[PDB]
Amino acid sequence: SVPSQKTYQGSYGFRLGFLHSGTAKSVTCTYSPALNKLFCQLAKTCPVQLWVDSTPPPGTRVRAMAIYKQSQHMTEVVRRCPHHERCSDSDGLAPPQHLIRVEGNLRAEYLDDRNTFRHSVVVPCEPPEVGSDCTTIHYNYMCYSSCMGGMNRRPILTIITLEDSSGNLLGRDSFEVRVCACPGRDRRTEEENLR
Ligand SMILES: [Zn+2]
């Protein structure tokens, strides 16, 4: 099967937000609204904002999962390549196979789905800190888009779902991701190609 990627704000008006990091040669993570695409370096911090119109119930969680964007590959589990799954860079919590990690949250849980074998990482949905209007989750992508035997130059999407304590859908948003050496340059190139 294939997880849904349908945008769904739901009852709480759930949607993502991204910083405006620009396209300098030195940028490590940058988001293109025109492409709905995040460009980031390997294992670098990717700040993703969570916005809601009203506060979800205690026990609400936020899950991230990657799928291949092309229909020819959607059924294939997105995982780390044969090299990176063995490079012993575990944070002590993420399984070495998982492409997406959450940085600096000890309540992050990593799921290997017993049925679909797909990987995801889930955290409790926290209210914004005082003086803030949203909450930010920091993600890491632990393989290059180009890694042989892994993503192998195939584009992926990250699907973010807002879930109740049972795992039922409350909200959904998504964005394409390219993990690459020079995010600023590749964003500029792809945005030019678009126009
Ligand atoms: Zn890799």
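What's counted below: heavy atoms across the whole structure, side chains too, no hydrogens, waters or symmetry copies. The chain is numbered in sequence order, starting from 1.
For the pair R86/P96, no side-chain contact is recorded, criterion being any heavy-atom separation below 4.5 Å from C-beta on. Taking 4.5 Å as the limit, some side-chain heavy atom of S146 sits within range of a side-chain heavy atom of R153. Two residues are said to be in side-chain contact when any heavy atoms from C-beta on lie closer than 4.5 Å; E76 and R154 meet this criterion. Taking the side chain as every heavy atom from C-beta outward, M74 and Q5 approach each other to under 4.5 Å. At least one side-chain heavy atom of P57 sits less than 4.5 Å from a side-chain heavy atom of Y12. In this structure, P47 and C29 have side chains that are in contact, with non-hydrogen atoms separated by less than 4.5 Å.
To the nearest 0.5 Å, atoms CZ (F14) and CD (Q9) are separated by 9.5 Å. The CD1 atom of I137 sits 9.0 Å away from atom CG of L16, with the distance rounded to the nearest 0.5 Å. Atom CG of residue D91 and atom CG of residue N140 lie 8.0 Å apart, to the nearest 0.5 angstrom. Put simply, CE on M151 and NE2 on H84 are 9.5 Å apart, with the number rounded to the nearest 0.5 Å. The OG atom of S145 sits 6.0 Å away from atom CD1 of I156, with the distance rounded to the nearest 0.5 Å. Going from atom CD1 of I160 over to atom OG1 of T7 covers 11.5 Å, rounded to the nearest 0.5 Å.
Through side-chain heavy atoms spaced under 4.5 Å, either directly or across other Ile, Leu, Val, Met, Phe, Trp or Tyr residues, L35 is tied to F39, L194. Residue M142 is found outside any hydrophobic cluster, as its side-chain heavy atoms come under 4.5 Å of no other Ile, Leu, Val, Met, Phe, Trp or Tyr.
The two residues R118 and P3 make their nearest non-hydrogen contact at NE-CD, 3.4 Å. In terms of heavy atoms, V102 sits closest to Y110 at N-OH, 3.0 Å. Residues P56 and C125 approach most closely at CG-SG, 4.3 Å, considering heavy atoms. Contact between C46 and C40 at its shortest, heavy atoms only, is SG-CB, 3.6 Å. When all heavy atoms of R187 and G22 are compared, the closest pair comes out as NH1-O, 3.8 Å. The shortest heavy-atom contact between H98 and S120 is CE1-O, 3.6 Å.
Among residues two or more places apart in sequence or in another chain, the side chain to side chain donor-acceptor pair (under 3.5 Å) test is passed with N36 by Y31. Under the salt bridge (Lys or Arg N to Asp or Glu O under 4.0 Å) criterion, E192 pairs with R195, not counting sequence neighbours. Remark: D113 engages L111, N115, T116 in a side chain to side chain contact (heavy atoms under 4.5 Å, CB included) (not counting sequence neighbours). With sequence neighbours left out, the salt bridge (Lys or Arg N to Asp or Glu O under 4.0 Å) criterion links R107 to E126.
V179 and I67 are assigned to two separate hydrophobic clusters, defined by single-linkage of ILVMFWY side chains at heavy-atom distances under 4.5 Å. Taken together through direct or relayed side-chain contacts under 4.5 Å among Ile, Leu, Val, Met, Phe, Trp and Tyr, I159 and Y141 form parts of separate hydrophobic clusters. When the side chains of ILVMFWY residues are joined at heavy-atom separations under 4.5 Å, either directly or via intervening members, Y144 and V78 end up in a single hydrophobic cluster. Residues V48 and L157 do not share a hydrophobic cluster, defined by chaining ILVMFWY side chains whose heavy atoms lie under 4.5 Å apart. By the rule that hydrophobic residues join a cluster once side-chain heavy atoms approach within less than 4.5 Å of another member, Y139 and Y68 end up as members of one cluster.
Salt bridge absent: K6 and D173 never bring a charged side-chain N and a carboxylate O closer than 4.0 Å. A salt bridge does not link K37 with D186: every distance from a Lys NZ or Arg NE/NH1/NH2 to an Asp or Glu carboxylate oxygen is 4.0 Å or more. The pair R101-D89 counts as a salt bridge, with a side-chain nitrogen and a carboxylate oxygen less than 4.0 angstrom apart.
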Passes side-chain contact (heavy atoms from CB on, under 4.5 Å), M65 versus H119? Steps please. CA-CA 6 Å; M65 178 187 288; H119 307 156; over 6 Å; no
Please assess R61 against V123 for the test side-chain contact (heavy atoms from CB on, under 4.5 Å), listing each intermediate value before the final yes or no. CA-CA 6 Å; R61 301 204 292 176; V123 297; over 6 Å; no
Under the side-chain contact (heavy atoms from CB on, under 4.5 Å) rule, what do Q97 and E85 come out as? Steps first, then yes or no, please. CA-CA 5 Å; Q97 299 94 327; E85 78 165 8; 3.7 Å; yes
Does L170 form a side-chain contact (heavy atoms from CB on, under 4.5 Å) with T60? I'd like the steps, not just the answer. CA-CA 9 Å; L170 296 179; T60 302; 3.8 Å; yes
With side chain to side chain donor-acceptor pair (under 3.5 Å) as the criterion, how do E103 and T45 come out once you've worked through the C-alpha distance, each side chain's angles and the decisive distance to 0.1 Å? CA-CA 8 Å; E103 253 187 306; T45 305; 2.7 Å; yes
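At distances below 3.5 Å, not a single donor-acceptor pair connects side-chain atoms of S132 with backbone N or O atoms of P128. Judged purely by atom type and a 3.5 angstrom limit, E163 has no side-chain atom pairing as donor or acceptor with the backbone of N168.
When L162, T161, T135, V122 are each tested for a side chain to side chain contact (heavy atoms under 4.5 Å, CB included) with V62, only one passes: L162.
Side-chain atoms of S32 and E190 include no donor-acceptor pair closer than 3.5 Å.
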